[PDB]
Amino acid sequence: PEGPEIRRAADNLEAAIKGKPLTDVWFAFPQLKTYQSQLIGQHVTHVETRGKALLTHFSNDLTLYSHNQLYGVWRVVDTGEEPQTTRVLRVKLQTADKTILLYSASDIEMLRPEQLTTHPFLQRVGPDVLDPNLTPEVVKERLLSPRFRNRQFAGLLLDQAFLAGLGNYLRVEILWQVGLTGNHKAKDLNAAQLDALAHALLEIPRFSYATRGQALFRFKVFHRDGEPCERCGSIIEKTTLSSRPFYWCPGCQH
């Protein structure tokens, strides 16, 4: 689950319990149990996301950090309900009518306000592709900056220090949209291609966020190996790139 999916999840967590006094709080991890009594009667003020990091802010200035990696998932349930699952429960935040449940995630910690800027991941991450104040012009600047202009896209588009929220499907989908393979660097692009890439880096994640949970977002090459490309008809290929699966079209990506 990439930036769009984690922001959809966060939106659902807010709808369920933002502003509501907590009637129960539970953590699986022994080192977090101390916060359970502390948070009962407090409430979630907002659920912030920075890329794939989810920040559950409470009314006493603590913030729960959670990161799902490849396997964590939140569920919203009615209070007291708990559908059968073999996943391991790691967090419960319960209110009078709704409860949110975090399953399977292993990266979970409680932050004091100072840690919102010093935590090792939070300190490293770049601008978020879903932040509406982030513009294609600033992304263009970032691509051309000395720090990133010599980075191959294969790895750059997975690096959260560049843009927060991109993961492997968005890497695949963005590169296909602008006709590029992973072996390029921003310094070698012409102005038209740079502009198209800067726009796609924001527009495809934003489109996924807006409509995957529903013109609607669809994959053009991710998991479509062996199918004809919708643009040129070539058979989409699956290989590995940066130690991750990679999907692309040999007829229209160069």
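Numbering starts at 1 and runs along the sequence shown.
Counting the deposited residues that fall between residue 214 and residue 215 and carry no coordinates gives a value of 4 to 9. Stretches compared: 1-9, 243-251. Higher mean C-alpha B-factor in the entry: 243-251. In this entry, 84-92 has the higher mean Cα B-factor, the comparison being between 84-92 and 69-77. Considering 195, 61, 203, 48 together, the PDB entry gives 61 the largest C-alpha B factor. Between the residues 114, 141, 173, 128, it is 114 that shows the highest Cα B-factor in the PDB record. Placement of the Cα temperature factor of residue 27 within the chain: lowest third of the modelled residues, per the deposited record.
In the deposited entry, the Cα temperature factor of residue 183 sits in the top third of values across the chain's modelled residues.
Per the deposited record, the Cα B-factor of residue 38 falls in the highest third when ranked against the other modelled residues of its chain. When the CA B factors of the chain's modelled residues are split into thirds, the value for residue 165 lands in the lowest one. Sort the chain's modelled residues by C-alpha temperature factor and residue 53 lands in the lowest third, per the entry.
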